[PDB]
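In structure tokens, the next block holds one chain alone, the form solved without the named molecule.
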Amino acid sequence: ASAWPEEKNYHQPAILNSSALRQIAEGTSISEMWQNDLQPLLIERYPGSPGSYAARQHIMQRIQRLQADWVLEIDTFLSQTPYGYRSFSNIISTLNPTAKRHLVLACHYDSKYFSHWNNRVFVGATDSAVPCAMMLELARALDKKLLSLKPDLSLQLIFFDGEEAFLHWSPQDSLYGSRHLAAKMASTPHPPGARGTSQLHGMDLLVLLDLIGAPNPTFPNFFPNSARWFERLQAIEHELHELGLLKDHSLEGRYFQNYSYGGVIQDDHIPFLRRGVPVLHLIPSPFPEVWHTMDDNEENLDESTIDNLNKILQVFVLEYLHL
């Protein structure tokens, strides 16, 4: 009876030295991400809408053009909603599908439904078009290194549909894509042919990005079983800062501060956390001032903060994967 599902508990990062950190900082481009990955997503894309289809095609196309051996799957399903039965489609992009373990980065790609108001349309720039674009930029910036994966551990990206409630949040109206996928993964043997382990046992850590893009975000260390990874993000931010590799950034105004948050935040990690998956929830507290407002747009995004977070996240992923 293999103890492989316990490997995640002892897994240590392979820390990048200064030269490698400079290489990662120089290898990501916030302007390229902005034009090629982010702007095409700054559209109305609530579940079932034409924009949802366009966003999904965009995400798939951007991953498909990369060299690394990404395996794309569209997880489509029906669910009851306040408006009756509707169809949703999660996007899953996986390197090494049969590898037993995967580090998983995720965000939601749907935008909250709002009827047009005074000619304005809700595009959820920080919620979560930026997180989507950060995951796509990470895949592009680290493409050569990820290609080398073609430690039975690899990388998976999940773009959840239906994170938002169609009305106001409630237990049955929200997290459509994540409740469905968590249940599906929990009931899917992994690796292929396994007798008693599931795809959830294979999830080393779920790093969920949400509401990123506003100025001065502060991310709390939410869970004790991922606290050591939160500390790594703090260390990475501190070293990139000391090396002069971050922009318009100070340690007093750092993003990963020594502070927990005992409350519960409802988001896509919930269906996974309640099934025992370790979660690193990269959501700020408090939420952006523009949260669920028509002002959650491109104009209110903080470019350098997103650039800094791209660097931190890419270093974190390479260190986790030993790349």
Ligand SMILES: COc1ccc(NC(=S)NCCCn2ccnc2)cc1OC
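In case it trips you up, residue 1 is the first one in the sequence shown, and so on.
The same protein has a further form, the form solved in complex with the named molecule, not shown here; the description that follows concerns it.
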So if I measure heavy atom distances to the named molecule in the bound PDB entry, which of the stretches 229 to 237, 247 to 255, 185 to 193, 209 to 217 falls within 4.5 Å? 209 to 217
Contact test, all of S29, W34 and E137, partner the named molecule in the bound PDB entry, heavy atom 4.5 Å: no
Can you pick the one in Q39, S49, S285, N297 that has a heavy atom within 4.5 Å of the named molecule in the bound PDB entry? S285
Selected contact from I43, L66, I265, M60, since only one has a non-hydrogen atom within 4.5 angstroms of the named molecule in the bound PDB entry: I265
Looking in the bound PDB entry, any heavy atom of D127 within 4.5 Å of the named molecule? yes
Contact between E163 and the named molecule in the bound PDB entry at 4.5 Å, heavy atoms? yes
Should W117 be counted as a contact of the named molecule in the bound PDB entry, where contact means heavy atoms within 4.5 Å? no
Contact with the named molecule in the bound PDB entry for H292, defined as at least one heavy atom pair within 4.5 Å: yes or no? yes
